[PDB]
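For reference, the structure is listed below as structure tokens.
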Amino acid sequence: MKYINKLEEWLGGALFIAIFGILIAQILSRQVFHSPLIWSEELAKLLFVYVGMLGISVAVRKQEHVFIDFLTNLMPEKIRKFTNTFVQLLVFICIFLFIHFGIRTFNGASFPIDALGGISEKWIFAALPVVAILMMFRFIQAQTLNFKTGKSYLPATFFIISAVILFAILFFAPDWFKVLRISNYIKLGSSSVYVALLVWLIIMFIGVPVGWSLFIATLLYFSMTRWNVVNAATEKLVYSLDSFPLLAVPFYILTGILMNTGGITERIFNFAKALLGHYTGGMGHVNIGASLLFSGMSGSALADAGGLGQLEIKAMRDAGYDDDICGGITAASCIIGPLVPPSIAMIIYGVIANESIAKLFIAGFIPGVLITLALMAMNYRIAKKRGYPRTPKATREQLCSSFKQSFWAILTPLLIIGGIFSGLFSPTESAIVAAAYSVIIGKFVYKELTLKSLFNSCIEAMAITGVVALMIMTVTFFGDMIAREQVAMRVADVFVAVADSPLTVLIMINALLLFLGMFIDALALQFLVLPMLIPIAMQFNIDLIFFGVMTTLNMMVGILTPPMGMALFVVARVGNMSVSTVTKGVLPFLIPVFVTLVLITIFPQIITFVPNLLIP
Amino acid sequence: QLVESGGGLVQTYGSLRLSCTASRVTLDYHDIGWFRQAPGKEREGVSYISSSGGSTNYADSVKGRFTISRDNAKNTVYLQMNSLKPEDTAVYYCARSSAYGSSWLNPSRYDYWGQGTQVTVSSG
């Protein structure tokens with residue numbers, strides 16, 4: 001019986017293991033058979049659409065969508081009830097403009113995959129309305145629980161009769177839909193942009209969940225037009241989900257999960273306990289140095305905190321050291337996570353920039369050096385006057401014993417950066433071979449990997465990439481109005497009246513990004529601020545290579561910054577102790593992070609040197 | 001926002017060149033493309049050029065005497081056109097088709113375009 005509750009998700013899992021299969025065969029076979037099984041590399045791209053949008057249906061059903069909450073903390077019991085209702089109703093409007101635009105996509109297209117002599121291309125676009133019909137039933141069910149829990153004013157039946165009538169008016173008399181434009185009342189011209197951006201930011205801060213809020217912003221521009229937008233964005237929308245580097249995101253998240261859930265962190269810890277710990281300050285040295293390996297295990301900043309936390313707290317506790325110092329170092333451990341492959345937010349920036357993950361990761365490892373080294377120096381700087389006790393001696397017998405038994409796992413980061421660094425493998429297959437590698441050693445060198453665990457891990461990974469899928473798609477609709485109406489030149493007129501240097505804009509934009517980083521969480525803010533500021537940066541002739549590592553580095557300061565910074569709360573959650581302990585614990589660690597930010601801000605040559613030497 | 005160079009007319013075989021000039025923007029994401037459009041249309045094209053391998057794709061209605069060249073490092077791509085028959089005649093574009101796997105021509109023109117350019121040849 002229990003499977004009946006999530007069958008479309010388990011179909012998603014059965015697709016996903018088909019992906020994992022197709023590509024493990026592909027990459028090894030490509031080399032060894034010395035000619036490409038080309039069908040495989042393209043079939044993969046289709047399959048990803050479906051699992052991507054099944055992921056949206058999960059994030060829909062669970063109501064796990066990304067949003068800004070600040071007003072909810074401010075707001076009374078009633079005013080909530082209204083705004084919750086008003087918001088969720090506005091989302092019920094979203095999904096109909098989605099399905100309408102879905103059907104008005106479909107009969108407009110007749111283009112096969114001629115790279116494989118054309119088999120059933122229409123299947124991509126057809127995915128959107130069929131899975132959106134599942135989203136319709138799932139969404140109404142979810143809001144019924146919201147009303148049963150008193151969050152809202154309205155019953156299911158309201159939305160149902162609404163669905164009924166909206167189809168019926170298209171089925172028989174859509175001239176009365178042609179009446180619903182604002183165009184009988186307006187004179188905006190170019191000023192439409194500044195309106196559309198105002199109402200956008202308002203509905204966003206009203207706490208409309210981010211993807212749907214962007215869909216509302218983008219349809220609200222339709223009201224200003226006399227023209228084409230109906231075709232132009234619509235075809236772009238789901239077909240943009242097709243893009244290849246995004247397929248790496250699922251496998252990297254899966255790799256994080258499997259590697260963490262195998263308990264391998266304690267073995268990398270006990271390796272560091274010998275290799276670095278015999279230098280005094282060892283608690284810090286192991287956390288700081290091993291974080292390059294841990295980030296290579298974990299694939300996201302929260303997974304470093306959630307995985308390592310018990311070990312590093314226990315090590316400091318057994319040493320008798322201070323809990324605020326523990327909080328500080330472990331926050332900085334999570335900042336290392338974004339520097340290193342795997343890293344979701346980096347990869348999302350790659351997608352939204354449309355730039356290759358190769359030329360980004362081989363750049364990102366330079367701030368990998370600078371942050372870890374300066375953090376190591378700050379550990380020494382504090383310690384040599386703080387007066388902590390000196391660490392134990394070591395000898396080769398225990399150290400190499402610990403090395404052998406760990407050694408099979410130690411390759412994990414050295415696989416993913418190494419394959420890209422040497423140029424033998426590109427981003428997608430590096431993620432997939434890492435997934436393969438972590439499973440196969442974990443099956444036979446270790447034993448905790450259950451037969452079920454791959455599917456259990458897959459459903460989390462695919463579910464999280466659901467959130468990503470909505471957010472990418474919706475952002476790329478925003479990539480109609482911006483390129484249509486040239487926000488770049490109007491925002492440029494403000495700056496351009498005086499604007500002289502890259503340093504000027506870089507620090508001003510970093511200040512805005514930091515300021516919003518105080519107040520909107522990173523996993524939202526990334527999608528808020530990239531879409532238009534990347535263009536503005538390009539209008540000031542900035543290298544989008546630099547701007548990616550710079551702005552993703554701002555996100556890390558953001559997650560490190562109160563009041564919003566969620567990683568501070570994650571550290572508090574594992575630390576069992578107050579945010580007042582956390583804040584003074586983190587307080588000095590920001591200084592080397594800001595120095596290293598400023599060092600790259602003033603001198604591009606650092607990030608340039610490795611990528612441009614190897615790649616040029 | 002993109003910039004172009006080339007085009008002309010031919011004296012009484014000849015072949016004009018048109019070029020995309022990476023003005024300002026990134027222009028090496030591992031795709032680029034080119035198009036021309038009629039009175040009453042915006043859905044017509046050549047199909048992909050690859051940064052790597054020297055790979056070149058065309059549609060069969062296009063197969064024949066249209067030709068391809070690139071440099072990444074002075075970011076400069078040029079198309080050259082040998083037909084000189086009236087059906088060649090249109091308004092012309094280079095377009096930063098980027099990151100969409102399936103199609104030779106569909107609106108996969110994700111990030112950018114030149115405002116189009118005019119080229120013309122006709123009898124005596």
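Residue numbering restarts at 1 in every chain; chains get A, B, ... in the order shown in the structure tokens, and ligands count up from 1 in that same order.
By only C-alpha atoms, and with residues fewer than 3 positions from residue 298 (chain A) along its chain excluded, the set lying at most 8 Å from it is residues 253, 255, 256, 257, 259, 260, 294, 295, 301, 303, 304, 337 and 342 of chain A.
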Contacts of region 39-42 of chain B at 12 Å (only C-alpha atoms; same-chain gap of 2+ positions) as a PyMOL selection string: (chain A and resi 228+231-232) or (chain B and resi 35-37+44-45+89-93+105-107+109+116)
With the cut-off set at 10 Å and counting only C-alpha atoms, tabulate each residue of chain A with an atom at most that distance from an atom of chain B, showing the nearest atom pair and its distance in Å to one decimal, ordered by chain and increasing number, as CSV.
```
residue,atom,partner,partner_atom,distance
A:42,CA,B:101,CA,7.7
A:45,CA,B:101,CA,7.5
A:46,CA,B:102,CA,9.0
A:109,CA,B:106,CA,8.8
A:110,CA,B:106,CA,9.9
A:111,CA,B:103,CA,7.5
A:112,CA,B:103,CA,7.8
A:113,CA,B:102,CA,5.5
A:114,CA,B:103,CA,7.6
A:115,CA,B:102,CA,7.6
A:116,CA,B:102,CA,9.6
A:118,CA,B:102,CA,9.7
A:121,CA,B:102,CA,8.2
A:231,CA,B:107,CA,9.8
A:232,CA,B:107,CA,7.6
A:233,CA,B:107,CA,9.0
A:234,CA,B:107,CA,9.9
A:235,CA,B:107,CA,7.1
A:236,CA,B:107,CA,6.7
A:239,CA,B:100,CA,7.5
A:240,CA,B:100,CA,6.5
A:241,CA,B:100,CA,8.5
A:242,CA,B:100,CA,6.2
A:243,CA,B:99,CA,5.4
A:244,CA,B:99,CA,7.3
A:245,CA,B:99,CA,8.9
A:351,CA,B:99,CA,8.6
A:353,CA,B:111,CA,9.4
A:354,CA,B:99,CA,6.6
A:355,CA,B:29,CA,5.9
A:356,CA,B:29,CA,6.5
A:476,CA,B:110,CA,8.4
A:479,CA,B:111,CA,7.6
A:480,CA,B:110,CA,8.8
A:483,CA,B:112,CA,7.6
A:486,CA,B:1,CA,9.1
A:535,CA,B:25,CA,9.3
A:538,CA,B:25,CA,6.5
A:539,CA,B:24,CA,7.5
A:540,CA,B:24,CA,8.8
A:541,CA,B:24,CA,6.0
A:542,CA,B:24,CA,8.9
A:543,CA,B:26,CA,8.0
A:544,CA,B:26,CA,7.6
A:545,CA,B:26,CA,9.5
A:616,CA,B:73,CA,7.9
```
Give me the residues within 6 Å of residue 518 (chain A) as a ChimeraX atom specification, counting only C-alpha atoms and dropping any in the same chain fewer than 3 places off.
/A:515,561-564
Restricting the output to C-alpha atoms, write the selected residues as a JSON list (two decimals), in the first residue's frame.
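Listing of out27.json after writing:
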```
[["chain", "number", "residue", "atom", "x", "y", "z"],
["A", 515, "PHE", "CA", 23.37, 44.59, 2.48],
["A", 561, "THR", "CA", 26.01, 37.57, 8.52],
["A", 562, "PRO", "CA", 23.20, 38.13, 11.10],
["A", 563, "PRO", "CA", 20.27, 38.69, 11.27],
["A", 564, "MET", "CA", 19.55, 36.46, 8.20]]
```
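Between CA of residue 517 (chain A) and CA of residue 569 (chain A) there is a distance of 15.1 Å.
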The distance between CA of residue 285 (chain A) and CA of residue 333 (chain A) is 11.1 Å
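Around residue 66 (chain B), within 7 Å and counting only C-alpha atoms, the residues found are residues 64, 80, 81 and 82 of chain B, once anything fewer than 2 positions away on its own chain is removed.
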Task: Residues within 10 Å of residue 83 (chain B), only C-alpha atoms, excluding chain neighbours under 6 positions, as an NGL selection string - done: :B and (13-16 or 64-66)
Write the residues of the preceding selection, restricted to C-alpha atoms, as a tab-separated table (two decimals), in the first residue's frame.
```
chain	number	residue	atom	x	y	z
B	13	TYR	CA	32.59	33.77	-58.20
B	14	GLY	CA	32.07	36.50	-55.54
B	15	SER	CA	31.20	35.90	-51.87
B	16	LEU	CA	30.38	38.42	-49.11
B	64	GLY	CA	26.13	23.79	-50.05
B	65	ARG	CA	28.10	27.00	-50.53
B	66	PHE	CA	27.88	28.88	-47.12
```
Pick out the residues sitting within 12 Å of residue 130 (chain A), and hand them over as a short mmCIF file (atom, residue, chain, number, x, y, z; two decimals) with N, CA and C atoms, in the first residue's frame; count only C-alpha atoms, and ignore anything fewer than 3 positions along from it in its own chain.
```
data_model
loop_
_atom_site.label_atom_id
_atom_site.label_comp_id
_atom_site.auth_asym_id
_atom_site.auth_seq_id
_atom_site.Cartn_x
_atom_site.Cartn_y
_atom_site.Cartn_z
N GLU A 8 4.52 8.97 -8.54
CA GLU A 8 5.17 9.83 -9.52
C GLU A 8 6.61 10.20 -9.10
N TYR A 50 12.15 15.69 -17.17
CA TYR A 50 11.06 15.06 -16.44
C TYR A 50 11.42 15.01 -14.97
N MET A 53 11.15 18.47 -13.37
CA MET A 53 9.81 18.97 -13.08
C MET A 53 9.02 18.09 -12.10
N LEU A 54 9.27 16.79 -12.05
CA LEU A 54 8.81 15.96 -10.94
C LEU A 54 9.32 16.53 -9.61
N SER A 57 7.09 19.24 -8.54
CA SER A 57 5.88 18.68 -7.92
C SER A 57 6.09 18.28 -6.46
N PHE A 98 0.52 29.49 -16.40
CA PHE A 98 1.46 28.46 -16.77
C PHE A 98 0.81 27.45 -17.72
N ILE A 99 -0.31 26.82 -17.37
CA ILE A 99 -0.92 25.80 -18.22
C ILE A 99 -1.39 26.39 -19.56
N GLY A 102 1.52 26.77 -21.48
CA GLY A 102 1.84 25.40 -21.81
C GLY A 102 1.16 24.94 -23.09
N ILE A 103 -0.17 24.97 -23.15
CA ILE A 103 -0.84 24.59 -24.39
C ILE A 103 -0.47 25.53 -25.54
N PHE A 106 2.57 24.36 -27.18
CA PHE A 106 2.68 23.03 -27.73
C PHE A 106 2.33 22.91 -29.20
N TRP A 123 7.77 15.46 -27.07
CA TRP A 123 7.77 14.87 -25.73
C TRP A 123 8.31 15.80 -24.63
N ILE A 124 9.25 16.70 -24.92
CA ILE A 124 9.72 17.63 -23.89
C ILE A 124 8.59 18.55 -23.46
N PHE A 125 7.97 19.18 -24.45
CA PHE A 125 7.05 20.26 -24.18
C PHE A 125 5.77 19.72 -23.57
N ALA A 126 5.32 18.57 -24.08
CA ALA A 126 4.22 17.80 -23.53
C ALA A 126 4.43 17.46 -22.05
N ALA A 127 5.68 17.28 -21.62
CA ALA A 127 5.95 17.05 -20.21
C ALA A 127 5.39 18.17 -19.35
N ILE A 133 -0.59 19.33 -14.64
CA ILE A 133 -1.89 18.79 -14.20
C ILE A 133 -1.72 18.07 -12.87
N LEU A 134 -0.65 17.28 -12.71
CA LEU A 134 -0.32 16.71 -11.41
C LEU A 134 -0.07 17.83 -10.37
N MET A 135 0.65 18.89 -10.74
CA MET A 135 0.89 20.04 -9.86
C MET A 135 -0.41 20.73 -9.45
N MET A 136 -1.41 20.78 -10.32
CA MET A 136 -2.69 21.39 -10.01
C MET A 136 -3.38 20.64 -8.87
N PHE A 137 -3.48 19.31 -8.97
CA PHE A 137 -4.12 18.53 -7.90
C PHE A 137 -3.30 18.54 -6.62
#
```
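In this model, the gap between CA of residue 272 (chain A) and CA of residue 382 (chain A) comes to 21.1 Å.
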Using only C-alpha atoms, which residues sit within 12 Å of residue 314 (chain A) once same-chain residues fewer than 6 positions away are excluded, as a JSON list (two decimals) with C-alpha atoms, in the first residue's frame?
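Final file, part-v6.json:
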```json
[["chain", "number", "residue", "atom", "x", "y", "z"],
["A", 266, "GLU", "CA", 35.16, 10.13, 11.11],
["A", 269, "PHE", "CA", 38.93, 13.22, 10.83],
["A", 283, "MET", "CA", 41.87, 21.15, 16.85],
["A", 308, "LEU", "CA", 31.33, 17.19, 10.78],
["A", 320, "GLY", "CA", 38.64, 21.40, 27.13],
["A", 321, "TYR", "CA", 38.65, 24.40, 24.70],
["A", 322, "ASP", "CA", 36.08, 27.27, 24.33],
["A", 323, "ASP", "CA", 32.70, 26.71, 22.59],
["A", 326, "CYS", "CA", 34.54, 26.07, 18.13],
["A", 574, "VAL", "CA", 24.67, 21.49, 16.60],
["A", 575, "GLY", "CA", 26.37, 23.64, 19.32]]
```
